[PDB]
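Here is the structure we will look at, set down as structure tokens.
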Amino acid sequence: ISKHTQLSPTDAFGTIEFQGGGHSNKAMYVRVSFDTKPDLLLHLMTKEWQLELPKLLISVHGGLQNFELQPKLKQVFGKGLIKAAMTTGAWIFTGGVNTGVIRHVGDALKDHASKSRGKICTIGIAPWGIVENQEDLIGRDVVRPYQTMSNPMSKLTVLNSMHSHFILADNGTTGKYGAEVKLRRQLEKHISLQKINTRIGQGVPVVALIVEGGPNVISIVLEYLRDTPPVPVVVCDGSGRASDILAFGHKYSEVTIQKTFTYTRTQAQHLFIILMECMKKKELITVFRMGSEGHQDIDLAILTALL
Amino acid sequence: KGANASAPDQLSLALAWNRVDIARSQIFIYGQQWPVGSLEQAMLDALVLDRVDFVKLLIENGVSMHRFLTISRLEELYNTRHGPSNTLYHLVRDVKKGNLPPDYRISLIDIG
Amino acid sequence: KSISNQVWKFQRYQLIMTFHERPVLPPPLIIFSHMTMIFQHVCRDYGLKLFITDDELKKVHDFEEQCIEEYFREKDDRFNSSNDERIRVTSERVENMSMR
């Protein structure tokens, strides 16, 4: 299609109950356009879902493909993230669809939900075209049951449970990503300027967290480091993917033939240009290593990297 | 591993052995590709045999009790001989004022 | 004394319920009420129950789910902090640590 989409009012918003795992976890949701004004999104998240302005914004980025993290590393990452987002009113912005790092965030919240009070305000901004059951969500204004059973041969994915709220963006197409990156970035930009309750004049502090990744996580990190207010990022060493590439590049500051890592376009690939545009502003990037360096706790690492 | 068995057969073996940790660590793993109507049958078998840990594990691993439990499956669950001895048959005999033929399926109306 | 107190508190319900059915007129005048029951022979908003709408029912259900969840969580947290459980866990970890 040559971008031929009908402008229609939203027909899908309400509450979804996740029938499935041994939990009764509700989740508000809404279907909005690919290009909506962030003022409307903020008003919806404040006056309609009854949510206060956060004192901290954590933006989680990672790989879309499903991976795995070794034990004694995910338990020092999920618990750290949970502590950092529970001791302070925080909005854990995530991808939303149960794949990649989103599954890790989901099981981290599952571990916390069985051992402590309170709720973690996790907001999942996911594209509308990847949900494996578009039906059972077309219901309007009313509670709609939803099954978390995963069908291997569906060529789609399911909404991750253990998320307090959802914002579904559609651009007309179905079955492919790309309808939420601009919306998520603009929402983060518009919420970073919102005044916190202190009257000094500062906006809420945002931060980025990187686990695993690909050729695009370097680009979004570069975009984060070049914003008019710089946004510090936190990476992990044990992932092994492009996050570990950033960890390797953090050491040996300022061995160029080592780009033949075969991860994406083994030789003659133009990622070193953006990797050299990065590491020039190597004053925001914080690298977390389990026992190799300081800041053994994620919650300590995130908060220190923000001040 | 050496049985050359699919995931439903491994789950059935783990149910028969009453070892839930083996199914937790080895069987229920990423990309196992259960066929259609397999986890439901596992839930029915674990419900008959009184394996509460396996029922909890299946609940945590996808199957919803709202879609599993029907009239036919409940009526089957009322007429099982697997598990601890009960006193349902004598109660049905007392309610039905006796004259109960042997090998009689207990309907839900009699349970009411 | 304790058994009598408990039994009286239990029988308060029967005492309250047996006056919610008796005719309003006392026994010397109860003949008039029985005549009325003859007229009504040829013919529970409160006192026992309390009918509610669907939204109120759902609010009550959510409150009850919250209560049972909090009860189980408090029970587990109280069990895990007892002296006996701490001693047992410490002993097991000390044995494993000594072997290691």
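Residues in the structure tokens are numbered from 1 in each chain, the chains being A, B, ... in the order shown, and ligands are numbered from 1 in the order shown.
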Inset, instruction - Could you list the residues in chain A lying within 12 Å of chain C, using only C-alpha atoms, and format the result as an MDAnalysis selection string? - result: chainID A and resid 23:26 113:118 143
Inset, instruction - Restrict the distance test to only C-alpha atoms, flag each residue of chain B within 10 Å of chain A, and return the flagged residues as a ChimeraX atom specification. - result: /B:30-36,56-67
Inset, instruction - Give me the residues within 12 Å of segment 277-289 of chain A as a PyMOL selection string, counting only C-alpha atoms and dropping any in the same chain fewer than 6 places off. - result: chain A and resi 73+76-77+80+207-211+218-227+229-239+243-254+270-271+295-307
Inset, instruction - Please provide as an MDAnalysis selection string all residues within 12 Å of residue 70 of chain B, with the sequence filter that same-chain residues fewer than 5 positions apart are discarded (counting only C-alpha atoms). - result: chainID B and resid 40 44 65 75:77 108
Inset, instruction - Using atom CA of residue 55 of chain C and atom CA of residue 52 of chain A as the two end points, give the distance in Å to one decimal. - result: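 So the answer is 25.6 Å.
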Legend entry - Residue list (alpha helix (DSSP H), DSSP) for chain C, as an MDAnalysis selection string: chainID C and resid 2:19 30:41 54:80 83:99
Show me, as a PDB file with N, CA and C atoms, in the first residue's frame, the residues that have an atom within 12 Å of residue 84 of chain B when counting only C-alpha atoms, minus same-chain residues fewer than 5 positions from it.
```
ATOM      1  N   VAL B  48      -7.456 -36.151  37.657  1.00  0.00           N
ATOM      2  CA  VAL B  48      -7.959 -37.453  38.086  1.00  0.00           C
ATOM      3  C   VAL B  48      -7.043 -38.063  39.142  1.00  0.00           C
ATOM      4  N   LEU B  49      -5.733 -38.031  38.903  1.00  0.00           N
ATOM      5  CA  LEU B  49      -4.768 -38.724  39.748  1.00  0.00           C
ATOM      6  C   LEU B  49      -4.469 -38.005  41.055  1.00  0.00           C
ATOM      7  N   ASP B  50      -5.047 -36.823  41.281  1.00  0.00           N
ATOM      8  CA  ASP B  50      -4.771 -35.996  42.459  1.00  0.00           C
ATOM      9  C   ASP B  50      -3.286 -35.632  42.534  1.00  0.00           C
ATOM     10  N   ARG B  51      -2.840 -34.885  41.532  1.00  0.00           N
ATOM     11  CA  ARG B  51      -1.488 -34.336  41.477  1.00  0.00           C
ATOM     12  C   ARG B  51      -1.625 -32.817  41.507  1.00  0.00           C
TER      13      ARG B  51
END
```
Legend entry - Contact residues around residue 262 of chain A with only C-alpha atoms at 12 Å, ignoring same-chain residues under 6 positions, as a PyMOL selection string: chain A and resi 215+241-242+268-269
Those residues you just picked out, can you put them in a file as a short mmCIF file (atom, residue, chain, number, x, y, z; two decimals), in the first residue's frame with N, CA and C atoms?
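Result went into selection_11.cif, see below:
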```
data_model
loop_
_atom_site.label_atom_id
_atom_site.label_comp_id
_atom_site.auth_asym_id
_atom_site.auth_seq_id
_atom_site.Cartn_x
_atom_site.Cartn_y
_atom_site.Cartn_z
N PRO A 215 21.50 -4.26 15.63
CA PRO A 215 22.01 -3.09 14.90
C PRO A 215 21.23 -1.82 15.16
N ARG A 241 25.33 -9.63 23.22
CA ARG A 241 24.99 -8.99 21.95
C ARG A 241 25.53 -7.56 21.96
N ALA A 242 25.02 -6.71 21.06
CA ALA A 242 25.51 -5.34 20.87
C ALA A 242 25.67 -4.55 22.16
N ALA A 268 32.67 -5.33 6.07
CA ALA A 268 32.29 -4.12 5.33
C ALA A 268 30.91 -3.61 5.73
N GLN A 269 30.63 -3.56 7.03
CA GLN A 269 29.38 -3.02 7.54
C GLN A 269 29.64 -1.65 8.15
#
```
Inset, instruction - Grab the atom CA of residue 106 of chain B to atom CA of residue 82 of chain B distance for me, in Å with one decimal place. - result: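 Taking atom CA of residue 106 of chain B as the start and atom CA of residue 82 of chain B as the end point, the length is 15.6 Å.
Residue neighbourhood of residue 111 of chain B, excluding near-sequence residues (fewer than 6 positions): residues 75, 78, 88, 91, 92 and 95 of chain B, at 10 Å, using only C-alpha atoms.
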Would you write out those residues with N, CA, C and O atoms, as a PDB file, in the first residue's frame?
```pdb
ATOM      1  N   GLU B  75     -18.294 -34.515  34.446  1.00  0.00           N
ATOM      2  CA  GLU B  75     -18.966 -35.793  34.646  1.00  0.00           C
ATOM      3  C   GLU B  75     -17.975 -36.948  34.618  1.00  0.00           C
ATOM      4  O   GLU B  75     -18.155 -37.936  35.337  1.00  0.00           O
ATOM      5  N   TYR B  78     -16.184 -36.985  38.014  1.00  0.00           N
ATOM      6  CA  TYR B  78     -16.968 -37.580  39.089  1.00  0.00           C
ATOM      7  C   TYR B  78     -16.957 -39.103  39.071  1.00  0.00           C
ATOM      8  O   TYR B  78     -17.348 -39.716  40.069  1.00  0.00           O
ATOM      9  N   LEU B  88     -18.553 -41.291  47.869  1.00  0.00           N
ATOM     10  CA  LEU B  88     -19.587 -40.749  46.994  1.00  0.00           C
ATOM     11  C   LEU B  88     -20.609 -41.814  46.613  1.00  0.00           C
ATOM     12  O   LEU B  88     -21.806 -41.523  46.505  1.00  0.00           O
ATOM     13  N   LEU B  91     -23.241 -42.395  49.218  1.00  0.00           N
ATOM     14  CA  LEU B  91     -24.140 -41.246  49.258  1.00  0.00           C
ATOM     15  C   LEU B  91     -25.145 -41.289  48.115  1.00  0.00           C
ATOM     16  O   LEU B  91     -26.329 -40.991  48.311  1.00  0.00           O
ATOM     17  N   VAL B  92     -24.695 -41.662  46.916  1.00  0.00           N
ATOM     18  CA  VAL B  92     -25.614 -41.786  45.787  1.00  0.00           C
ATOM     19  C   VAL B  92     -26.597 -42.926  46.027  1.00  0.00           C
ATOM     20  O   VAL B  92     -27.775 -42.835  45.663  1.00  0.00           O
ATOM     21  N   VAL B  95     -29.195 -41.525  48.496  1.00  0.00           N
ATOM     22  CA  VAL B  95     -30.089 -40.553  47.873  1.00  0.00           C
ATOM     23  C   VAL B  95     -31.049 -41.243  46.913  1.00  0.00           C
ATOM     24  O   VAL B  95     -32.237 -40.902  46.848  1.00  0.00           O
TER      25      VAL B  95
END
```
